[PDB]
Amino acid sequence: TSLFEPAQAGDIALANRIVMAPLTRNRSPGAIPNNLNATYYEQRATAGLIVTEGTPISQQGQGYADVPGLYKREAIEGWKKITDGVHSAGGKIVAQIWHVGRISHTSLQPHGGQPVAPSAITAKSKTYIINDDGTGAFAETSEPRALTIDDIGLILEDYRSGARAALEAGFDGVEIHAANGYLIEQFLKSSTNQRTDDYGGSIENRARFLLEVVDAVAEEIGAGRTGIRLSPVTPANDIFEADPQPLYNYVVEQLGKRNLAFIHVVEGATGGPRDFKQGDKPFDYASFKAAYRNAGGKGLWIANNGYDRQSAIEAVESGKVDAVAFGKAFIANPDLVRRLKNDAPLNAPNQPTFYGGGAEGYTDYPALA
């Protein structure tokens, strides 16, 4: 198998095995995708699969300023232009439906409400908050409130709408965001979940919300158009897990029965060391993948974090992974697929222009000659 040869992810056909990781850029004021966003995505349409930046299923799911959503008619129309552009170039695109959970601020929330979480525990984290026009930004995450049983049902319903909205926006599928210490992760990990009901305590109880979200989304748009992103050992957004292995091995066993399109896995700390361990014992990724395969999982296995050209090629040829997702490299190189095939030198990303701003450090990265 080769990194540049076609792949199959559920109902979605990929031209190659190079995937664009989801990357929040904070460049959609009013939570609506615009023309500059369309150009940016169309430049990168040569990717086998494009995973969009995190897109909240509701305002409650929002946690940062200028982030495109799926809860507006205008936002769906904006997304329709982008998926049309990507499809015209022969590319494939999936929406990363998002809910931040406790990682948010009151100003972003409806009615100025508290962010929602499995348990009412405040996080030591930061947020982008726009200041009139503005700008201001940078604030502590707000004090959250604990979710009732009725609240969870309503969030599941918001996930159903988001999945429907994505297909209406012309997306090939969705990627459920269950990584980097957000709402689903908050239920999964011990440090955030101190509930005393069916969603707390045991591994089976902690995994329940994730599976309910998956089942709701798959019922709406089909399992073959549904994927999910996981990050077993990430410390992002004040989250901690004592024993990730038995917890995450259980999750993929359940997912292997679900007929999912793909499983996107962040190996190591997100934007950090790949060998990172929160607990006493290091995570076993080969064991992790096998727990999925043994349960009957046929979904495309997509790996991420710290991959270069050499490492990505070896991983696919060895069959350790089905595909590889690049984040910062796709920011700097719109024509990343062509460069990798040619073994051509790569543009370097500019950290200061990652979040907020305009065309600079966004659509002005040069392609190959």
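Counting begins at 1, following the sequence as shown.
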Self-check item: Selected stretch [higher average CA B-factor]: 272 to 280 or 155 to 163
Solution: 272 to 280
Quiz item: Where do the C-alpha atoms have the higher mean temperature factor in this entry, in 218 to 226 or in 126 to 134?
Solution: 126 to 134
Quiz prompt | C-alpha B-factor winner, where the candidates are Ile239, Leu147, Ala295, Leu211 | solution = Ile239
Self-check item: Out of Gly170, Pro246, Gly101, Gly90, highest CA B-factor residue
Solution: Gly90
Exercise. For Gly54, return the chain-relative third of its C-alpha B-factor as stated in the PDB record: lowest, middle or highest.
Key: lowest
Self-check item: Chain thirds of CA B-factor: placement of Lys81
Solution: highest
Quiz item: Within this chain, which third does the Cα B-factor at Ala65 fall in: lowest, middle or highest?
Solution: highest
Practice problem: Please place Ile18 in the lowest, middle or highest third of its chain by C-alpha B factor as given in the entry. | Solution: middle
Self-check item: Where the record places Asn333 (Cα B-factor, split into thirds across the chain)
Solution: highest
